[PDB]
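Summary of the model geometry
Each chain is listed here by its residues.
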Amino acid sequence: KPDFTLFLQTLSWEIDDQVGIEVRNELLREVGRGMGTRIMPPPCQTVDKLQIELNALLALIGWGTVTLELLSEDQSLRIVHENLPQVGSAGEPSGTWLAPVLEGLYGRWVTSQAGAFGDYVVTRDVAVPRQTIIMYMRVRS
Amino acid sequence: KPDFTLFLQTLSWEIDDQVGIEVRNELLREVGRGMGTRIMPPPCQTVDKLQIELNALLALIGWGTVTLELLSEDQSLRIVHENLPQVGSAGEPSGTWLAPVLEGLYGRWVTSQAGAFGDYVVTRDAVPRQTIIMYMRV
Amino acid sequence: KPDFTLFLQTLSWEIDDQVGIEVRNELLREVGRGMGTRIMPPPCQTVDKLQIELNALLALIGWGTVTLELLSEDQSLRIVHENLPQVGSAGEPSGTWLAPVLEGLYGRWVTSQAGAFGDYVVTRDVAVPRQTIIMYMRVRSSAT
Amino acid sequence: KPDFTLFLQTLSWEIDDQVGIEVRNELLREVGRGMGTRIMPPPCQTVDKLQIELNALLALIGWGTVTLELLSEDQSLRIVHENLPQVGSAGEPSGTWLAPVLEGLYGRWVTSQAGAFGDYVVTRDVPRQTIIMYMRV
Amino acid sequence: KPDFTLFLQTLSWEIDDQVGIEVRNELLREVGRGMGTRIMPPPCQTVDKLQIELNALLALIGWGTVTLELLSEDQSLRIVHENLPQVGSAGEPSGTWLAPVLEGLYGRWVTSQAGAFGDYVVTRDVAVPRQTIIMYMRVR
Amino acid sequence: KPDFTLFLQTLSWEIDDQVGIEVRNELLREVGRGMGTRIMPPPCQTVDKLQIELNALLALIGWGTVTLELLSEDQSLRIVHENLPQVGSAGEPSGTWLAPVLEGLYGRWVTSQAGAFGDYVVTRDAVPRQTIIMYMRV
Amino acid sequence: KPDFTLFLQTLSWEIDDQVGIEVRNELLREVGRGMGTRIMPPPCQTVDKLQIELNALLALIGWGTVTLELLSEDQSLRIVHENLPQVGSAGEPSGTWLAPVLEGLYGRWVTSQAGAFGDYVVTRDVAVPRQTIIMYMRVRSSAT
Amino acid sequence: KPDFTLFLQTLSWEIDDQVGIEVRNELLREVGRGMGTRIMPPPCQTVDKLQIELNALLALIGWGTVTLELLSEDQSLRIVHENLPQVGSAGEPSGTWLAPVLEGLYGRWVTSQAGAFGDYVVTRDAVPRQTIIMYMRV
Amino acid sequence: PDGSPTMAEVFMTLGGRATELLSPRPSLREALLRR
Amino acid sequence: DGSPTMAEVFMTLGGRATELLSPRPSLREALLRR
Amino acid sequence: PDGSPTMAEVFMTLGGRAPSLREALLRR
Amino acid sequence: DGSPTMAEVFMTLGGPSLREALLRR
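Residues numbered from 1 in each chain as written, not as in the entry; some residues may be left out. Chains lettered and ligands numbered in written order. Part of a larger assembly, values for the part shown. Heavy atoms only, no water.

Method of structure determination, per the deposited record: cryo-EM was used for this entry, reaching 2.6 Å resolution.

With that out of the way, let us pick up unusual backbone geometry. Residues and elements named next belong to chain C. With an omega dihedral of 0°, the bond running from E92 to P93 counts as a cis peptide bond. Inspection of the secondary structure assignment puts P93 in the loop between β2 (76-82) and α4 (99-111). In the Ramachandran plot, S141 falls in the positive-phi region, its phi being about 60° despite a non-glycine side chain. Looking at the element boundaries, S141 is found in the loop between β4 (133-139) and β5 (142-143). (Helix = DSSP H or I, 4+ residues; strand = E, 2+ residues; numbered from the N terminus.)

The partner chain L presents six residues to the five residues of chain A that form the contact. Carbon and sulfur atoms make up 70% of the area that chain A and chain L hide from each other, which totals about 520 Å². The largest share of the area that chain A buries against chain L comes from A:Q18, A:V19 and A:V23, three residues that together contribute 74% of it. Of the charged contacts in the structure, one is a salt bridge between L:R25 and A:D17, with a shortest N-O distance of 2.9 Å. Contributions of two or more residues to the side of chain A that touches chain L are made by α1 (5-18) and α2 (21-38) of chain A. The residue inventory of the side of chain A that touches chain L, partitioned by class, reads three nonpolar, one polar and one charged. (Contact = heavy atoms within 4.5 Å. Buried area = accessible area lost by both parts, 1.4 Å probe. Salt bridge = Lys/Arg side-chain N within 4 Å of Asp/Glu carboxyl O. Nonpolar A, V, L, I, M, F, W, Y, C, P; charged D, E, K, R; others polar.)

Attention shifts here to the domain arrangement of chain B. All names here are of chain B. Looking at the assigned domains, one finds that chain B contains domain 1 (1-38) and domain 2 (39-138). If you average the C-alpha positions of domain 1 and of domain 2, the two centres end up 18 Å apart. Facing the 17 residues of domain 1 at the interface are 17 residues of domain 2. Contact between domain 1 and domain 2 buries roughly 1,600 Å² in total, counting both sides, with carbon and sulfur atoms accounting for 65%. Taken together, domain 1 and domain 2 are joined by two salt bridges. Salt-bridge contacts for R29 lead to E103; the nearest nitrogen and oxygen are separated by 3.1 Å. The interface formed by domain 1 and domain 2 contains five residue pairs in polar contact. Among the elements of the structure, α1 (5-18) and α2 (22-36) are those that each provide at least two residues to the side of domain 1 that touches domain 2. Per-element accounting of the side of domain 1 that touches domain 2 gives the leading share, eight residues, to α2. (Domains from an automatic or database assignment. Polar contact = N/O pair within 3.5 Å; in protein donor to acceptor, adjacent residues only side chain to side chain.)

Moving on, we get to the environment of C:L28. Tracing the backbone through its elements, the reader meets C:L28 in helix α2 (residues 21-38). Using a relative accessible area of 0% as the deciding quantity, one classes C:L28 as buried. Measuring from C-alpha to C-alpha, the distance between C:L28 and C:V66 comes to 19 Å, with 38 residues separating the pair along the chain. Not counting chain neighbours up to four residues away, the residues in contact with C:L28 comprise C:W97, C:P100, C:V101, D:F7 and D:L11. (Buried < 20%, exposed > 50% of the residue type's maximum accessible area, 1.4 Å probe, protein only.)

Attention shifts here to the arrangement of the chains. Over all C-alpha pairs, chain G and chain J never come within contact, reaching a minimum spacing of 19 Å. Left apart from each other, chain I and chain K have a closest C-alpha approach of 19 Å.

This next bit is on the packing of helix α2 (residues 21-38) of chain G against helix α4 (residues 99-111) of chain G. Residues and elements named next belong to chain G. Where α2 contacts α4, the two axes come as close as 6 Å, and the packing angle between them is 40°. With respect to each other, α2 and α4 are oriented oblique. As for how α2 packs across α4, the hand of that crossing is right-handed. In this structure, α2 contributes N25, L28, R29, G32, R33, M35, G36 and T37 to the contact, and α4 contributes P100, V101, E103, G104, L105, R108 and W109. Classifying every residue of the contact of α2 with α4 gives six nonpolar, five polar and four charged. (Axes fitted to C-alpha atoms, helices over the stretch in contact; angles between N-to-C directions. Parallel < 35°, antiparallel > 145°, perpendicular 65-115°, else oblique. Left-handed = near helix turned anticlockwise from the far one by under 90°.)

Attention shifts here to the pattern of salt bridges. Taken as a whole and assessed by the stated rule, the structure comprises 82 salt bridges over all chains. The shortest N-O distance in the salt bridge between A:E26 and A:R29 comes to 3.4 Å. A residue pair is termed a helical-turn pair when its members lie 3 or 4 positions apart in one helix, as A:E26 and A:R29 do in helix α2 at three residues. Taking the shortest distance from any N to any O, the salt bridge between C:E92 and C:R24 comes out at 3.1 Å. Separated by 68 residues along the polypeptide, C:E92 in the loop between β2 and α4 and C:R24 in helix α2 bring together distant segments of the chain.

The interface of chain A with chain B comprises 30 residues on the first partner and 30 residues on the second. Buried surface at the junction of chain A and chain B, summed over both partners, amounts to about 2,700 Å²; 73% is from carbon and sulfur atoms. Of all residues in chain A, A:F4, A:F7 and A:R38 give up the largest surface area on contact with chain B, accounting jointly for 25% of the area buried on that side. Summed over the shared surface of chain A and chain B, the number is two salt bridges. Of the charged contacts, one joins B:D3 and A:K1 as a salt bridge, the two residues approaching to 3.3 Å between their closest N and O atoms. There are six residue pairs in polar contact connecting chain A and chain B. Elements with a contribution of two residues or more to the side of chain A that touches chain B: α1 and α2 of chain A. The biggest single contributor to the side of chain A that touches chain B is α1(A), with ten residues. When its residues are assigned to classes, the side of chain A that touches chain B shows 19 nonpolar, six polar and five charged.

With that settled, consider helix α1 (residues 6-14) of chain L. Among all positions in α1(L), only L:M6, L:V9, L:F10, L:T12 and L:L13 are buried. Down the axis, α1(L) shows its buried residues gathered within 155° of arc, on one side only. Pointing more than 90 degrees away from the buried face of α1(L) are the exposed residues L:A7 and L:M11. The inward-facing, buried residues of α1(L) contact α3 (47-61), β1 (65-71), β2, α4, β3 (120-124) and β4 of chain C. (Arc of directions from axis to C-beta.)

All names here are of chain H. What the four strands build is an open sheet, ordered β1-β2-β4-β3; its pairing is antiparallel. A single partner strand is all that each edge strand has here, and the edge strands are β1 (65-70) and β3 (121-124). Strand-to-strand twist in this sheet, taken as the mean axis angle between neighbours without regard to direction, amounts to 25°. Across five bridges, the pairing between strand β2 (residues 77-82) and strand β4 (residues 132-137) is antiparallel. Paired with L77 across the two strands is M136, which belongs to β4. (Pairing = 2+ DSSP bridges.)

A few words on the sheet that holds strand β1 (residues 65-71) of chain B. Residues and elements named next belong to chain B. The strand order β1-β2-β3 describes an open sheet built from three strands, whose pairing is antiparallel. The sheet terminates laterally at β1 and β3 (132-136), the two strands that pair on one side only. Across the sheet, the mean angle from the axis of one strand to that of its neighbour is 20°, orientation sign disregarded. In this structure, strand β2 (residues 76-82) lies alongside β3, joined through five bridges in antiparallel fashion. Considered in β3, the bridge of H81 is made with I132. Seen against the sheet, helix α3 (residues 47-61) touches β1 and β2 and runs at an angle of roughly 160° to β1. Contacting β1, β2 and β3, helix α4 (residues 99-110) crosses the sheet at an angle of about 35° to β3.

Moving on: the pairing of β2(B). Residues and elements named next belong to chain B. Of all the seven residues making up β2, five are buried; the element is thus mostly covered by neighbouring parts of the structure. With seven bridges joining them, β1 and β2 adopt antiparallel strand pairing. Paired with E69 across the two strands is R78, which belongs to β2. Hairpin remark: β1 followed by β2, antiparallel, with four residues in the connecting loop; positive phi at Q75, about 55°.

Below, the discussion takes up the environment of G:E30. On the secondary structure map, G:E30 appears in helix α2. On a C-alpha basis, the gap between G:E30 and G:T96 in space is 17 Å, while along the polypeptide they are 66 residues apart.

Residue and element names in this part refer to chain D. In the structure shown here, the tally under the stated rule is 33 aromatic pairs over all chains. Arranged with centres 5.8 Å apart and planes meeting at 85°, the rings of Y106 and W109 form a pair that is edge-to-face. Of this pair, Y106 and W109 are both found in helix α4 (residues 99-109), three residues apart, which corresponds to roughly one turn of the helix. As far as burial versus exposure is concerned, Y106 and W109 are alike and both buried. (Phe/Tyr/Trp six-rings, centres within 6.5 Å; stacked < 30°, edge-to-face > 60°.)

Structure below.
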């Protein structure tokens, strides 16, 4: 099977050189939402079941593992993604170029669940390993 | 090992939707040229040795096989690349989205000053869907 | 021709008395979706053509008129329904008991023009005439 | 004038699917009683006069015709209602979904204290839209 | 309300004068099929309930009444439509120009019910009142 | 009274799908002139009397109202028809599908030789949706 | 990576033993429909693009290859699926136990490209190779 | 090699929706007994040898590891299975959908008349999610 | 049920594949419990 | 399990979902109760 | 297109939209 | 005619720039 690691490294380099960080992040969030459109979890009942199904989806493509936690006082859903695929030294921090893809993917995946209504925002929280991504989801105010 | 097939399908969809074909083709040619600066063949003085080295590089990255032939009618170079990776239904024809990447990659690989084909120019032109035909002309 | 105005007034009064507002609204939305299932517009290509066909469907049963408009900045489809049938003083505001029926009906009718599996919600917007109902159609649970 | 026939068909289907038959029948009987609280006949001491007044009310709402007869076997009241409005194929028999409403309606129209038909309790028992009910002391 | 009776009479006259009988019949069958996709009955359980719903749909437009009867020995569904709207003297017999429309309409109305599979054919029969249309539905 | 609104909507849909616009317009003009041979106004020598008679016929069939104006710059008649019956979203603009029918009807009605406007020819031309404006020029 | 081949062989044997062919086929068709719900192709413009996307989806799980052909005279969509996974000597013919799964999967996948509410059915066409499945997609019912 | 993870996820969801829990558990125990009829260990006299053979079978099919402990109080056998294959969130607890399959498989494997156990009964019980504990008693 | 043939009975009588598709069969729960 | 339900999650997050997921009786239950 | 029918064409053919009224009117 | 298409409506509901940034370069 083809190896796209070097191609993705060069593509990330070229995109970061040609366009800015914000444009690249928006494009990657769009790609993540499209990916969530391609593969979806079943309608889950609890956080544990949704976490299991999301981990199964991630293992289908080998993009890492995920843990979900509900923060009632913060009124948010903390998403901790481990072992994000690394494509070169691009990104902030270096090696985390595919993080907006995770933002869009998780936003689409969780907003597709029953009970979600309105506008939601998934932002990346910027000790943890390099490829560990922490995201917080909350209602778009 | 992470799988980027679905990610590349969605990325090709989004890029074609946003910027179009010519801009996407130029960007992918630039990406191929950049890839040509990461992995390079040794300086080869003959078409057969260069073909062997390029096939070794392609096997290193797993992007297919290549055949190079020298046409004496204009001393041109015909490049036949078989088994191009498929990243979805995007491209012209469908399933051929990384062809400009091949254009840039072969433009960087073939045109080496220490070699013997450092003055050529890329041009993509019953063959299988993933087979790509390119022409190098001085 | 039987007259169902008094019967519908009594039915609305009793449904409001026995069950709550939310249960009645959900039942009326289900009824509206079923009504939309009963009568369909043809596959339309523009907003004006869809408006004309929906107005023809409404005139078939005499349930008022409709106006459709697209809010690109709001990412919504504003739906303004005029001359909603009045059945007693029930509803919020009084005389607008049959508004969730409109919600379900317009949701089904406009989803009929969408793709195979779309997720859209028509929500009533809570000056404007009493029988005029304003609703917005949006995708359900978007993310950014 | 708005037409509620399609709406009533869909509503009857939804209610029958969601709550069943006995619950739907009880709700429709309550609706009929409430309807009887809104339109009432004058106090009549005779079956013929009561029949005329009930027919006048039915013609006012356009819900068919009624025939009242007094059975001397048990002094019961036989009520034959013809041309009941039909809303879809719901009800038992099909097209008689609004039959329980009559049980709420006549049970309030006939049992008037100022009239001569105090007490009496309606019990539902021909053409499809003809409804037969009995009043027993 | 605008009256389309005279317009429909003239339209039938011009269509019959311009195109053939079979072309007009096919066009009216397609029109009936399209009509069946705009007003539809609910998924019914028995023949009587389907008859009631179809009669309600017909009364919604005032196109007459219908009676459905299953012929097990003949293996079909006899459909008798009464009081078909009449637009002029066009048609066979005269005044039955809209008869093919019913062939489409019921054809869409019964094949849309749960349990229908494959190709069906609705054919009208060639004592009966002039505006009464008798059709038989079989598997193609 | 049978209702032909839904039938006319579906028929217009199917005819537009099958034959197009020009053929459909010619067919509807044929139907309009055929309708003219069935209801006719009396021979009128004055535009006002002709307008009254045409409005009487339209009220007989319920097809809206009409206004006639005799322009002085050229010997042409401006015909403004309000409240044309609407059958679906077919037509150009949407909702005006029976406009060629009006063209044929007014060509047949106005051009009676026993009157004074027997040598006119219809040519269909802010305005309400169901309002049709046509011109009749000698 | 756990191997489910033996488990699926035993499960097919047990289901065929305690449950008839038709009930098993219905269950597997519903399973295929759920699988199509879980993984979707993008909205495609042509048959070739849809075929490429469906083949990519199949290669994602390694369930074989697909070829699509629109038969206008037959008024259907011939779907030829090659290299169906084999879960033992079960099914008709033996080795094709997962064919109703393909029926439901392809029904969902192609209906996703259709309008809002379409009534389509995928039916298995009962020297084709053993693991090659031929299916036809058409409307559930029609009249003429 | 075909992947059956998604298919098993959907199948587990459908079976849970259609038949419930007890019926599904009985069906999965039947499937486990059938699997035990497919693959069998040799007749072992000691617990350690049986553990080695069961682990060999599990590695052959890739369904995890097993530990057998012979309790000297009630003469029962504690069976701890680690790394049970996970197919979605179905099961109680979530992800342990194939636990009755283990029940049937171990009931068939351990109870061998040529071994040293013969007659036993499987009784399923800070434990990892995929770790399954069942008890073997007479 | 109502003195009239059911729609399933109608389509079984009409013929075609329907008479085989509409043949009464147990559900998965009933089939599993019966065995 | 001890994890929150999805409905509880969407009520906690806020917005209008905390109102649409407010536990309410069904039509049958509401009619039987009163 | 790309030498292949479109999805809309596919579903039109499946629906049944794939002499005639056009030819009859042209002939007349 | 003069109004958004239905596909445009459903794209609007569901839906510098990348094209602008690439053009600037």
